[PDB]
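**Student:** Sharing a structure with you now.
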Amino acid sequence: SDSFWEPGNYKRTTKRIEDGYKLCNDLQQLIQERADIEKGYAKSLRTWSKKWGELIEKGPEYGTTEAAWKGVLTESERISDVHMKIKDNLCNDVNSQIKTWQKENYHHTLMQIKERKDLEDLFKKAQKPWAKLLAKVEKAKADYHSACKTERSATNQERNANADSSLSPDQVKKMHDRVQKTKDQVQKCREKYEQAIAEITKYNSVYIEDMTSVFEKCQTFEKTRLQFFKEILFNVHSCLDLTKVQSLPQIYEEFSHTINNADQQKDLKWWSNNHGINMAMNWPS
Amino acid sequence: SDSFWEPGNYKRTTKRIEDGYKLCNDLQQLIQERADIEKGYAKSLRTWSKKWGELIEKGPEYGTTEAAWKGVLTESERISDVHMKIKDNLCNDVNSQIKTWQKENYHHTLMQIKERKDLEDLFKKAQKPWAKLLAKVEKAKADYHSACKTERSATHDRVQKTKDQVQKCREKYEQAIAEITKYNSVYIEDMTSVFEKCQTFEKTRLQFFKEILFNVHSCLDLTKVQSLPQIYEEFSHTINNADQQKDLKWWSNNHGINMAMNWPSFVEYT
Ligand code: NA
Ligand code: NA
Ligand code: NA
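Those protein sequences? They're chains A and B, same order as listed.
To get the UniProt record's numbering, take the position in the first sequence, counting from 1, and add 13.
For the second sequence, the residue numbers in the UniProt record's numbering are 14 to 168, 189 to 303.
Following this line, the structure appears as structure tokens:
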């Protein structure tokens, strides 16, 4: 079966050590990826703000109204910083931590992950004795079913010898001898089989102890990985939680301070001063 | 000079009307562009979410730990929806109300903006009488200035009829002047009146842009997105459900020592 207790089957557990390495790679990759998305948004915002900053400048809007329009560009700048800092937090608070743990817990030798290779070895050692007894049981079982088979086809041929009266006495005798010799075989074999089953049945618990002990070494390492991953996940969470960016309220507060300063009278009066009736004229003389 | 009072120069006030209308188009383009960026963030988030959602199921992580990694995917999805609403509010709401105001306060004759032609007309009307007096002043200034020239090289029939000429020029010059000087008050009064119509209208727009900027602000103002504190608790509870004990127990049952075994048993012969 697929049972753990079956020879070689501890390999799902050892494979899981190496899966732990892979999941470090995956998590780093996933975070880096989100980081690029945040870099990308901020980068877009800034491009936008550079573009309109200039179109407003160079275009017809003026005065505090101009300054109000500009408020929006300042907003997006402050927002972009927030997002750069999340990019930077994800990469140097979070990803580096993972990068570090992964370096520290997985070593690479002989085209293997040593933590895997060592433990496969430890299981293999733990399982070797009982593998023998299992092998024995399996020979004994085969060696006894083929003795059963022989004996049934040998007692057959004797059938049709005592009904073939031309055979020589030596021929009739060989067949008689084979039957008796092959039922020595059925017996001898039943015995070795029963003894092999007994021999293994007494090792089982030693086997169980041994494998339990190796398995739990594995569970302990795994426990640790799972704990670590839980923490980094919270650390990720910290990086992304907007409700804790303390500047956010202030960005909007300040953004509407600017809109509020948009003053039509200031703007209009200025316009007259520079372009309309409140300019000097010397009349003709 | 570039003084508004010289003929022609009312025009910068006039260009301003049409610049008004132009700015509405610019404003909508600005907002449209911001909205597109928001939509970009949101689309990105979801692509990322869909990608890793798959790569995680497929990968080795299982259990509640696996459900915690999926926390991020959900938060990401929720953030995308916040920005998608920002796109929509900006577009389907702020931009259309500009579009509406644009069409309520500007109208065209043929290809030209009517409010601008009207007020260019009124300017010219008021400027015209005065411009005519100024045209007079300009002629009689030139007449006099070349009765200067045609009595400087005369210093006997061309000696006293050109002192008669500096009598009739300096006379006329000084009366064109008196005449314009008398119209000034009126011209002042009528340019004043037209310019005020230009200011009243321009004021409408300045007040309207203030309002629209406030709306843009309400649209963009993260501190007022209700759902957002809550997104991040939904997320942390998900992380907090990672239970290594159950994930480990699960493993021991499906892959490790608590699995059942058949121990070797004597099997008989066919
Ligand atoms: Na400008
Ligand atoms: Na999985
Ligand atoms: Na829990």
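Beta carbons are placed, not taken as given, at the ideal position from N, Cα and C, and that holds for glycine.
(1) Can you list, in chain order, the stretches of the beta strand (DSSP E) that have 3 or more residues and sit fully within the region 50–78 of chain B?
(2) Of all the options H158(A), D131(A), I213(A), which has the alpha carbon lying nearest to the alpha carbon of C202(A)?
(3) Just to confirm, does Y34(B) get its C-beta within under 7 Å of one of the non-hydrogen atoms of ligand 1?
(4) Taking C-beta to C-beta, are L58(B) and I50(A) nearer than 8 Å?
(5) Among all the DSSP beta bridges, which residues are the ones paired with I126(A)?
(6) Please list, in chain order, all residues with a C-beta atom less than 7 Å from at least one heavy atom of ligand 1.
(7) Regarding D276(B) and ligand 3, is the C-beta to nearest heavy atom distance less than 7 Å?
(8) Taking CB distances under 8 Å as the criterion, tell me whether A148(A) reaches chain B.
(9) Suppose contacts are defined by Cβ-Cβ distances below 8 Å. Is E164(B) in contact with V199(B) by that definition?
(10) Residues of the region 233–260 of chain B with a CB closer than 7 Å to any CB of chain A: list them in chain order, please.
(11) Helix, strand or coil for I290(B), going by three-state DSSP, please let me know.
(12) For the alpha helix (DSSP H) containing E204(B), name the first residue and the last one.
(13) If the cut-off is 7 Å on Cβ atoms, which residues from the region 152–171 of chain A count as contacting chain B, listed in chain order?
(14) For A167(B), which residues from the same chain have a beta carbon less than 6 Å from its beta carbon, with the 5 sequence-adjacent residues on both sides left out?
(15) Here's the rule I'm using: 16 or more other beta-carbon atoms within 10 Å means buried, otherwise exposed. How should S93(B) be labelled?
(16) Note down, in chain order, all residues in the region 195–210 of chain A with a beta-carbon under 7 Å from any beta-carbon belonging to chain B.
(17) Distance check for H250(A) and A81(B), CA to CA, integer angstroms please.
(18) List the whole-angstrom C-beta distance separating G33(B) from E235(B), where the pair is believed to meet the contact cut-off of C-beta under 8 Å.
(19) Helix, strand or coil: which one does DSSP assign to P182(A)?
(20) Out of curiosity, what's the CA-to-CA distance linking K215(B) and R191(B)?
(21) Determine the contact status of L135(B) and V219(B), defining contact as a CB-CB distance below 8 Å.
(22) List the endpoints of the continuous alpha helix (DSSP H) containing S269(B).
(23) Measuring only the C-alpha atoms, how far is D131(B) from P73(A)?
(24) What do you reckon, is the C-beta of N217(A) under 7 Å from a heavy atom of ligand 3?
(25) Under the three-state reduction of DSSP, which class applies to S166(B): helix, strand or coil?
(26) How many whole angstroms separate the CB atoms of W65(B) and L86(B), which I take to be in contact at a CB cut-off of 8 Å?
(27) How long is the line joining the alpha carbons of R91(A) and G84(A), rounded to whole angstroms?
(28) Going by DSSP in three states, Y302(B) sits in which element: helix, strand or coil?
**Tutor:** Checking against the coordinates, here is how it stands:
(1) none
(2) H158(A)
(3) no
(4) yes
(5) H121(A)
(6) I69(A), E70(A), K71(A), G72(A), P73(A), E74(A), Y75(A), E79(A)
(7) yes
(8) no
(9) yes
(10) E235, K236, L239, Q240, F242, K243, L246, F247, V249, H250, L253, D254, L255, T256
(11) coil
(12) 198–253
(13) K154, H158, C161
(14) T195
(15) buried
(16) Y206, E207, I210
(17) 11 Å
(18) 7 Å
(19) helix
(20) 36 Å
(21) no
(22) 261–273
(23) 21 Å
(24) no
(25) coil
(26) 6 Å
(27) 11 Å
(28) coil
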